[PDB]
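Have a look at the structure below before the remarks.
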Amino acid sequence: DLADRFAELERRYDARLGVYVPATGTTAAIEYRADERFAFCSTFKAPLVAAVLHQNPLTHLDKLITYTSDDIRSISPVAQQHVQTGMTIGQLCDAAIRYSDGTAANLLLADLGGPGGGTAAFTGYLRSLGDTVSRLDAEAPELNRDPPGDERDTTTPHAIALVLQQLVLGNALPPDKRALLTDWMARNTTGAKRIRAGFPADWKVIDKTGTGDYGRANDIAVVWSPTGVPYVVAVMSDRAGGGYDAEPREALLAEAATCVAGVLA
Ligand SMILES: *C(=O)[C@@H](NC(=O)[C@H](N)c1ccc(O)cc1)[C@@H]1N[C@@H](C(=O)O)C(C)(C)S1
């Protein structure tokens, strides 16, 4: 029994786990704590890139953005290396998705513009996709730090799955922009030990991870069966019982995904 297996994993990792897989074709939706709020952490960077792509002509990707020492305020594997030269919008999108670069995401928020350094426009983009649940209130590093239960900077496995479905599988973006977002998530470097780890090699996986304080570990993915049948998989977790410094536990996500993959096979 699936709910029993997820609850077993919660006890194993002293965690709260949320899972959603939308209904499609002949599979019922898979849901576990799917309507409970979890911190976005870096998972927001996927719809952020979509927002930026949607808002501008495709060749806005070629615009050079400059930034300085005081803009590096969070884990930023790429932006720290290019600080002397700047990064184009396309480079920033690439880094935000593939390396979960915090500075890149902060600069992309500013590019979107408006109140809250872009967080309000980001939230408005989600509302345009019918997501009345999610909210972004802060940028990096603050967005990963809200106390357990606080609704700031949260989504739900249900809400973010439906957003990702529209972005990758549906028609939220035109095909060319859709393909850019899909390819960056396909080439993600941070996700090998999460949803990817729970699906057989002959299934295609694209994803965006998130990791935060209070043992937060998330992953949102689109997977394709060996016959090209796609599914959206959202797994979110925290370990609030260990306090602020609780270790995120990727293995929880790998195990949850293995259970999901068993049902979808
Ligand atoms: C978004 O989730 C980002 N999270 C980190 O910036 C955050 N400071 C943090 C990282 C790791 C911890 O143990 C605690 C807080 C980036 N996205 C993450 C991811 O998995 O995608 C990282 C790649 C770790 S950093």
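Every chain in the structure tokens has a letter given in the order shown (A, B, ...), and although residue numbers restart at 1 in each chain, ligands are simply numbered from 1 in the order shown.
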
Kindly assemble as a Markdown table a list of the chain A residues that lie within 7 Å of ligand 1, each paired with its nearest atom pair and their distance in Å to one decimal, using only C-alpha atoms and all ligand atoms, sorted first by chain and then by ascending residue number.
| residue | atom | partner | partner_atom_place_in_ligand_line | distance |
| --- | --- | --- | --- | --- |
| A:41 | CA | ligand 1 | 2 (O) | 4.2 |
| A:42 | CA | ligand 1 | 1 (C) | 3.2 |
| A:43 | CA | ligand 1 | 2 (O) | 6.5 |
| A:74 | CA | ligand 1 | 6 (O) | 5.7 |
| A:75 | CA | ligand 1 | 6 (O) | 4.9 |
| A:99 | CA | ligand 1 | 23 (C) | 6.2 |
| A:100 | CA | ligand 1 | 17 (N) | 4.7 |
| A:101 | CA | ligand 1 | 16 (C) | 6.4 |
| A:102 | CA | ligand 1 | 6 (O) | 6.1 |
| A:140 | CA | ligand 1 | 6 (O) | 6.9 |
| A:141 | CA | ligand 1 | 8 (N) | 6.0 |
| A:144 | CA | ligand 1 | 7 (C) | 6.0 |
| A:190 | CA | ligand 1 | 23 (C) | 5.8 |
| A:208 | CA | ligand 1 | 21 (O) | 6.8 |
| A:209 | CA | ligand 1 | 21 (O) | 4.1 |
| A:210 | CA | ligand 1 | 2 (O) | 3.4 |
| A:211 | CA | ligand 1 | 2 (O) | 3.8 |
| A:212 | CA | ligand 1 | 15 (C) | 3.6 |
| A:213 | CA | ligand 1 | 14 (C) | 4.8 |
| A:215 | CA | ligand 1 | 13 (O) | 7.0 |
| A:217 | CA | ligand 1 | 20 (O) | 6.9 |
| A:247 | CA | ligand 1 | 13 (O) | 6.4 |
| A:248 | CA | ligand 1 | 13 (O) | 5.9 |

- Message: At a cut-off of 12 Å, using only C-alpha atoms, what residues contact residue 59 in chain A? Leave out same-chain residues fewer than 2 positions from it and give the result as a list in words.
- Response: residues 52, 53, 54, 55, 56, 57, 61, 62, 63, 64, 88, 89, 90, 176 and 177 of chain A

Let's have the selection written as a short mmCIF file (atom, residue, chain, number, x, y, z; two decimals), in the first residue's frame, with N, CA, C and O atoms.
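Result went into part.cif, see below:
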data_model
loop_
_atom_site.label_atom_id
_atom_site.label_comp_id
_atom_site.auth_asym_id
_atom_site.auth_seq_id
_atom_site.Cartn_x
_atom_site.Cartn_y
_atom_site.Cartn_z
N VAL A 52 10.52 34.51 -17.14
CA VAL A 52 11.46 35.36 -17.88
C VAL A 52 11.41 35.09 -19.38
O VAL A 52 11.39 36.03 -20.19
N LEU A 53 11.33 33.82 -19.76
CA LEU A 53 11.18 33.45 -21.16
C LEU A 53 9.89 34.00 -21.73
O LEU A 53 9.89 34.59 -22.82
N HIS A 54 8.80 33.80 -20.99
CA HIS A 54 7.47 34.26 -21.44
C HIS A 54 7.41 35.78 -21.66
O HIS A 54 6.78 36.26 -22.62
N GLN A 55 8.06 36.51 -20.76
CA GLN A 55 7.93 37.96 -20.68
C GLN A 55 8.67 38.69 -21.81
O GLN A 55 8.38 39.86 -22.10
N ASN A 56 9.61 38.01 -22.46
CA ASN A 56 10.52 38.68 -23.39
C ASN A 56 10.69 37.97 -24.73
O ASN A 56 10.47 36.76 -24.82
N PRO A 57 11.08 38.72 -25.78
CA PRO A 57 11.47 38.04 -27.01
C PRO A 57 12.61 37.07 -26.75
O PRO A 57 13.39 37.27 -25.82
N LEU A 61 17.60 36.61 -24.38
CA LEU A 61 18.59 35.68 -23.81
C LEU A 61 20.01 36.15 -24.03
O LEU A 61 20.94 35.76 -23.31
N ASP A 62 20.18 37.01 -25.02
CA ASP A 62 21.50 37.46 -25.41
C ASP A 62 21.92 38.75 -24.69
O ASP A 62 23.05 39.22 -24.86
N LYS A 63 21.02 39.31 -23.86
CA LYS A 63 21.32 40.51 -23.06
C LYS A 63 22.32 40.26 -21.91
O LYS A 63 22.08 39.42 -21.04
N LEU A 64 23.43 41.00 -21.92
CA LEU A 64 24.43 40.90 -20.84
C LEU A 64 24.00 41.62 -19.55
O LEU A 64 23.64 42.80 -19.56
N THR A 88 24.96 36.67 -19.57
CA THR A 88 23.78 36.96 -20.36
C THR A 88 22.57 36.36 -19.65
O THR A 88 22.72 35.47 -18.80
N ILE A 89 21.37 36.83 -20.00
CA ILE A 89 20.14 36.24 -19.46
C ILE A 89 20.09 34.72 -19.68
O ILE A 89 19.70 33.97 -18.78
N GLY A 90 20.51 34.27 -20.87
CA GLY A 90 20.55 32.85 -21.16
C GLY A 90 21.49 32.10 -20.24
O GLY A 90 21.16 31.02 -19.75
N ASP A 176 9.26 26.97 -28.80
CA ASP A 176 10.68 27.28 -28.74
C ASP A 176 11.15 27.57 -27.33
O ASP A 176 12.22 27.09 -26.93
N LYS A 177 10.35 28.32 -26.58
CA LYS A 177 10.67 28.64 -25.18
C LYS A 177 10.48 27.40 -24.31
O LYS A 177 11.26 27.15 -23.40
#

- Residue among A:219, A:4, A:142, A:14 lying closest to residue 32 in chain A, counting only C-alpha atoms: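 Distance minimum relative to residue 32 in chain A lands on A:4.
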
- Message: So that I can check the surroundings of residue 227 in chain A, please list as a list in words every protein, DNA and RNA residue that reaches within 10 Å of it, counting only C-alpha atoms and ignoring chain neighbours fewer than 3 positions away.
- Response: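 Close residues of residue 227 in chain A: residues 202, 203, 224 and 230 of chain A.
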
Residues from the last selection, C-alpha atoms, saved as a PDB file, in the first residue's frame:
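To be explicit, this is the file written out as result.pdb:
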ATOM      1  CA  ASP A 202      15.304   3.617 -19.742  1.00  0.00           C
ATOM      2  CA  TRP A 203      12.966   6.286 -18.340  1.00  0.00           C
ATOM      3  CA  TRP A 224       8.893   9.718 -19.698  1.00  0.00           C
ATOM      4  CA  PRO A 230       4.986  11.381 -19.621  1.00  0.00           C
TER       5      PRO A 230
END

- Task: Pick out each residue of range 55-137 of chain A that DSSP on the backbone tags as strand (DSSP E); I need them as number ranges by chain.
- Result: A: 64-65, 87-88

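If only C-alpha atoms are the atoms counted, then among A:196, A:186, A:107, A:50 the closest residue to residue 126 in chain A is A:50.
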
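Minimum atom-to-atom distances from A:188, A:106, A:166, A:237 to residue 128 in chain A were compared using only C-alpha atoms, and the lowest value belongs to A:166.
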
- Give me the residues within 10 Å of residue 154 in chain A as a VMD selection string, counting only C-alpha atoms and dropping any in the same chain fewer than 4 places off. chain A and resid 36 to 41 44 133 to 137 143 to 144 146 149 to 150 160

- Item | helix (DSSP H, G or I) call set, DSSP backbone run, range 51-92 of chain A, as an MDAnalysis selection string | chainID A and resid 51:55 58:62 69:71 89:92

Save the residues we just selected, N, CA and C atoms, as a PDB file, in the first residue's frame?
ATOM      1  N   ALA A  51       8.869  32.283 -16.509  1.00  0.00           N
ATOM      2  CA  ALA A  51       8.371  33.659 -16.425  1.00  0.00           C
ATOM      3  C   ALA A  51       9.199  34.603 -17.280  1.00  0.00           C
ATOM      4  N   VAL A  52      10.524  34.514 -17.138  1.00  0.00           N
ATOM      5  CA  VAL A  52      11.457  35.364 -17.877  1.00  0.00           C
ATOM      6  C   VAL A  52      11.406  35.091 -19.382  1.00  0.00           C
ATOM      7  N   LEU A  53      11.326  33.816 -19.755  1.00  0.00           N
ATOM      8  CA  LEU A  53      11.184  33.449 -21.159  1.00  0.00           C
ATOM      9  C   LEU A  53       9.889  33.997 -21.729  1.00  0.00           C
ATOM     10  N   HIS A  54       8.798  33.800 -20.993  1.00  0.00           N
ATOM     11  CA  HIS A  54       7.471  34.255 -21.439  1.00  0.00           C
ATOM     12  C   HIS A  54       7.408  35.777 -21.655  1.00  0.00           C
ATOM     13  N   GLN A  55       8.058  36.509 -20.761  1.00  0.00           N
ATOM     14  CA  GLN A  55       7.931  37.964 -20.684  1.00  0.00           C
ATOM     15  C   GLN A  55       8.667  38.689 -21.814  1.00  0.00           C
ATOM     16  N   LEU A  58      12.710  36.029 -27.569  1.00  0.00           N
ATOM     17  CA  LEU A  58      13.679  34.975 -27.325  1.00  0.00           C
ATOM     18  C   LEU A  58      15.096  35.525 -27.268  1.00  0.00           C
ATOM     19  N   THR A  59      15.377  36.534 -28.082  1.00  0.00           N
ATOM     20  CA  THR A  59      16.725  37.103 -28.131  1.00  0.00           C
ATOM     21  C   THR A  59      17.090  38.039 -26.944  1.00  0.00           C
ATOM     22  N   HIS A  60      16.156  38.238 -26.012  1.00  0.00           N
ATOM     23  CA  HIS A  60      16.496  38.784 -24.686  1.00  0.00           C
ATOM     24  C   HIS A  60      17.528  37.884 -23.983  1.00  0.00           C
ATOM     25  N   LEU A  61      17.599  36.613 -24.381  1.00  0.00           N
ATOM     26  CA  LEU A  61      18.586  35.682 -23.807  1.00  0.00           C
ATOM     27  C   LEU A  61      20.007  36.151 -24.028  1.00  0.00           C
ATOM     28  N   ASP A  62      20.177  37.013 -25.024  1.00  0.00           N
ATOM     29  CA  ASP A  62      21.497  37.457 -25.406  1.00  0.00           C
ATOM     30  C   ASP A  62      21.917  38.754 -24.686  1.00  0.00           C
ATOM     31  N   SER A  69      30.367  42.253  -6.207  1.00  0.00           N
ATOM     32  CA  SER A  69      30.619  41.480  -4.986  1.00  0.00           C
ATOM     33  C   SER A  69      29.391  41.385  -4.077  1.00  0.00           C
ATOM     34  N   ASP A  70      28.709  42.508  -3.881  1.00  0.00           N
ATOM     35  CA  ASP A  70      27.602  42.536  -2.917  1.00  0.00           C
ATOM     36  C   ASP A  70      26.320  41.851  -3.422  1.00  0.00           C
ATOM     37  N   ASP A  71      26.349  41.376  -4.666  1.00  0.00           N
ATOM     38  CA  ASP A  71      25.248  40.592  -5.231  1.00  0.00           C
ATOM     39  C   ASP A  71      25.400  39.086  -4.954  1.00  0.00           C
ATOM     40  N   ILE A  89      21.375  36.830 -19.997  1.00  0.00           N
ATOM     41  CA  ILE A  89      20.138  36.242 -19.464  1.00  0.00           C
ATOM     42  C   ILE A  89      20.091  34.725 -19.682  1.00  0.00           C
ATOM     43  N   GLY A  90      20.513  34.271 -20.867  1.00  0.00           N
ATOM     44  CA  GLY A  90      20.545  32.848 -21.164  1.00  0.00           C
ATOM     45  C   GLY A  90      21.493  32.102 -20.235  1.00  0.00           C
ATOM     46  N   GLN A  91      22.679  32.672 -19.998  1.00  0.00           N
ATOM     47  CA  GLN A  91      23.630  32.066 -19.057  1.00  0.00           C
ATOM     48  C   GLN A  91      23.028  32.008 -17.654  1.00  0.00           C
ATOM     49  N   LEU A  92      22.297  33.054 -17.279  1.00  0.00           N
ATOM     50  CA  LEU A  92      21.669  33.112 -15.955  1.00  0.00           C
ATOM     51  C   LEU A  92      20.583  32.048 -15.797  1.00  0.00           C
TER      52      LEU A  92
END

- Counting only C-alpha atoms, the option among A:192, A:49, A:161, A:264 closest to residue 220 in chain A: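 Among A:192, A:49, A:161, A:264, it is A:161 that comes nearest to residue 220 in chain A.
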
- Restricting the calculation to only C-alpha atoms, which member of A:121, A:105, A:9, A:83 is positioned closest to residue 254 in chain A?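 The closest residue to residue 254 in chain A is A:9.
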
- Message: List as a list in words the protein and nucleic acid residues near residue 131 in chain A, meaning an atom at most 10 Å away when only C-alpha atoms are counted, but skip any in the same chain fewer than 5 places from it.
- Response: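 In the requested format, the answer is residues 123, 124, 125, 126, 155, 158, 159, 160, 162 and 163 of chain A.
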
- What is the distance between CA of residue 113 in chain A and CA of residue 191 in chain A, in Å to one decimal? 29.0 Å

- Between A:240, A:65, A:29, A:167, which is the closest to residue 84 in chain A once you count only C-alpha atoms?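 When distances to residue 84 in chain A are compared using only C-alpha atoms, the smallest one comes from A:65.
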
- Task: With a distance cut-off of 6 Å and only C-alpha atoms, select the neighbouring residues of range 15-23 of chain A, excluding the residue or stretch itself and same-chain residues fewer than 6 positions from it, and output the selection as a PyMOL selection string.
- Result: chain A and resi 29-34+157-158+232-239

- Task: Find the residues near residue 81 in chain A: any atom within 12 Å, counting only C-alpha atoms, skip ones fewer than 6 places away on the same chain, and give them as a count of residues only.
- Result: 10
